[PDB]
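The opening position of the sequence shown corresponds to residue 590 in the working numbering, with each subsequent residue numbered one higher.
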Amino acid sequence: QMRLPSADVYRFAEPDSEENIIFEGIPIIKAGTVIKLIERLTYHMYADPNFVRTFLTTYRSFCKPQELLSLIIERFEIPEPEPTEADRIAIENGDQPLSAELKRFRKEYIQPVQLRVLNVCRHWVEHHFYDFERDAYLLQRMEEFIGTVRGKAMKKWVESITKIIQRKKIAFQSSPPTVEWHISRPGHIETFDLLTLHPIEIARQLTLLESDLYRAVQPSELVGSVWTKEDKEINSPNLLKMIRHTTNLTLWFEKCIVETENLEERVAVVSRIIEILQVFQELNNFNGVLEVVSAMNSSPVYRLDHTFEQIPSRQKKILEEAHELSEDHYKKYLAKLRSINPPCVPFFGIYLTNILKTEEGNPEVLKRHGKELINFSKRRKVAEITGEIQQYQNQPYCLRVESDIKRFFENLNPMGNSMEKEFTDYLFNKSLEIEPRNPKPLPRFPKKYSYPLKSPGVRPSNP
């Protein structure tokens, strides 16, 4: 083969050994030092698409962005062998032509490695620009590096990378159905509520909202269970925003239910929420369907036997059928998802559960002769889970946004100023009040709504 740089001048020349890289054409990396991982992330022998994508999605769980950039730049700066004093003089004179060995080295090692590095930089800014958005110094270094790279073969890469960075920094194929209105009138946000807005529109606007929340979540926000750790707000902003939306919506449904003390009005409320679930299902917004199921199964709501006994049989069946989605480890849901095409808002809860388990259930590193190697197979397993999330992030819903309804829901704050525990306890105590435990009979309560409770139904007013 050909002689690579000396270890005392280039760190990525160290031959592979059982102590620096472990494998599972193109072998699969199981573990290794950051150095070897980076070496293979830009291997000169061949391209490694799957490793590049997996590495860029999960590296933060084992290497800082600043250090990664330093490492790939260090990788890029390949030194050439130093000449002797005899060779130096031989060059001043016209003694010999350019070393065929050096020519080969430049062509077979340096150029290919350098191109691999630029390919990583390209994928980095294209799929994970948020690293540079969150760290200005990082963006400066990258731009400085790319901005000084010079070479005929690399010009095209510099151009491409530069274009992506620029556009990142600055930053209906069909007629949608007519917006539906019920009691509340357009523009009159003061009357907006669960029973006053049209159930169809509540479902549509929530689907649009949830679709956007979903599409913004990046896989790296789940890697290393970072959304549950100290720097969660920085590493998982999009994921938290969606989780919080879900918590708030579920709590809002529960709230609407238990605060409606009159039995007939509460039955009306539950029935309307189920109608909303019907439209969520209609739009393939499983996230929404399950938020409803979650509310119905909550401590304060599930125990309201007199309320569920009073809802229409047809809706009891509709709720039962949807409830089956989560049953037995989401067996029915997972099967249903496999044959679904977008637009769709998948249930996210499952991804979080699986990752938490995979993250806790696997070792951060792998011991070899006492040396800690990064367990890359673990990262590949997590990437397998997150890779599924991106499936429905590219197709928008053909539904028109209603800015006022959208705002109403973006601002939902069921808990008011009270805290989590305090509110959850309040809801359960409200449940016990409207439907007391066994011995005590069901007390009657006065109506709280002054408008009709009759639902307009979930069939769009197309005519």
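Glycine included, C-beta positions come from ideal geometry on N, C-alpha and C.
Check: Which one of 773, 766, 1021 has the shortest CA to CA distance from residue 793?; Outcome: 766
Check: Would you grab the beta carbon distance between residue 973 and residue 964 for me? Rounded to a whole angstrom, and I think it's under 8 Å.; Outcome: With 8 Å as the limit, residue 973 and residue 964 do not qualify as a contact, their Cβ atoms being about 14 Å apart.
Check: So, does the segment 843 to 860 touch the segment 780 to 797, judging by three or more C-beta pairs under 8 Å?; Outcome: yes
Check: Write down every uninterrupted run of the alpha helix (DSSP H) in the segment 614 to 647 whose length is 4 residues or greater and which is fully enclosed by it, in chain order.; Outcome: 623 to 630, 638 to 647
Check: Put residue 964 into one of helix, strand or coil per three-state DSSP.; Outcome: strand
Check: Could you tell me whether the Cβ atoms of residue 772 and residue 1040 are closer together than 8 Å?; Outcome: yes
Check: Taking contact to mean at least 3 C-beta pairs separated by less than 8 Å, is the segment 607 to 620 in contact with the segment 676 to 690?; Outcome: no
Check: Starting from residue 954, follow the beta strand (DSSP E) in both directions and report where the run begins and ends.; Outcome: 954 to 957
Check: Output the distance between the C-alpha atoms of residue 906 and residue 914, rounded to the nearest integer angstrom.; Outcome: 13 Å
Check: Less than 8 Å between the C-beta atoms of residue 788 and residue 990, yes or no?; Outcome: no
Check: Is there at least one non-hydrogen atom of the ligand NAP closer than 7 Å to the beta-carbon of residue 611?; Outcome: What this structure holds is no ligand at all, so the ligand NAP is not there to describe.
Check: Are the Cβ atoms of residue 759 and residue 747 separated by less than 8 Å?; Outcome: no
Check: When you compare the segment 924 to 934 with the segment 978 to 988, are there three or more beta-carbon pairs, one atom per stretch, that lie closer than 8 Å?; Outcome: yes
Check: Suppose contacts are defined by Cβ-Cβ distances below 8 Å. Is residue 826 in contact with residue 876 by that definition?; Outcome: no
Check: In whole angstroms, give me the CA-to-CA distance for residue 670 and residue 967.; Outcome: 38 Å
Check: What is the residue span of the beta strand (DSSP E) that residue 610 lies within?; Outcome: 610 to 612
Check: Using 8 Å as the threshold, is the segment 939 to 952 in touch with the segment 838 to 849, meaning 3 or more CB pairs across them?; Outcome: no
Check: Taking 8 Å as the limit between beta carbons, can you name the residues of its chain near residue 1053, skipping five residues before and five after?; Outcome: In this structure the chain extends from 590 to 1052, so residue 1053 is not present and cannot be described.
Check: Within 8 Å of any Cβ in chain D, is that where the Cβ of residue 1032 sits?; Outcome: Considering every chain present, this structure includes no chain D. It has just one protein chain.
Check: Among 1049, 652, 622, 597, which residue has its Cα nearest to the Cα of residue 962?; Outcome: 622
Check: For residue 738, which option in 715, 805, 666, 657 has the closest C-alpha, if you only look at C-alpha atoms?; Outcome: 666
Check: Let me know if residue 1008 comes out buried or exposed under the rule of 16 or more other beta-carbons within 10 Å of its beta-carbon.; Outcome: exposed
Check: List the DSSP bridge partners of residue 934.; Outcome: 874
Check: So residue 912 is in the alpha helix (DSSP H); what residue range does that whole segment cover?; Outcome: 902 to 927
Check: Could you tell me the distance, in whole angstroms, from the CA atom of residue 648 to the CA atom of residue 1018?; Outcome: 47 Å
Check: For residue 919, which residues in the same chain have their Cβ closer than 6 Å to its Cβ, ignoring the five residues on either side in sequence?; Outcome: 939
Check: Is residue 813 helix, strand or coil when you go by DSSP?; Outcome: helix
Check: With burial defined as no fewer than 16 other Cβ atoms inside 10 Å of the residue's Cβ, what is the status of residue 884: buried or exposed?; Outcome: buried
Check: Around the C-beta of residue 615, are 16 or more other C-beta atoms found within 10 angstroms, so that it is buried, or is it exposed?; Outcome: exposed
Check: Looking at the structure shown, is residue 993 part of a helix, part of a strand, or coil, going by DSSP?; Outcome: helix
Check: On a Cα-Cα basis, can you pick out the residue from 891, 1035, 723, 709 that is closest to residue 1016?; Outcome: 891
Check: What do you get for residue 1021, buried or exposed, if any count of 16 or more other CB atoms within 10 angstroms of its CB means buried?; Outcome: exposed
Check: When burial is assigned at 16 or more other CB atoms within 10 Å of the CB, is residue 592 buried or exposed?; Outcome: exposed
Check: Okay, do the segment 812 to 820 and the segment 640 to 656 touch, 3+ Cβ pairs below 8 Å being the bar?; Outcome: yes
Check: In the structure shown, what three-state DSSP assignment does residue 675 receive?; Outcome: helix
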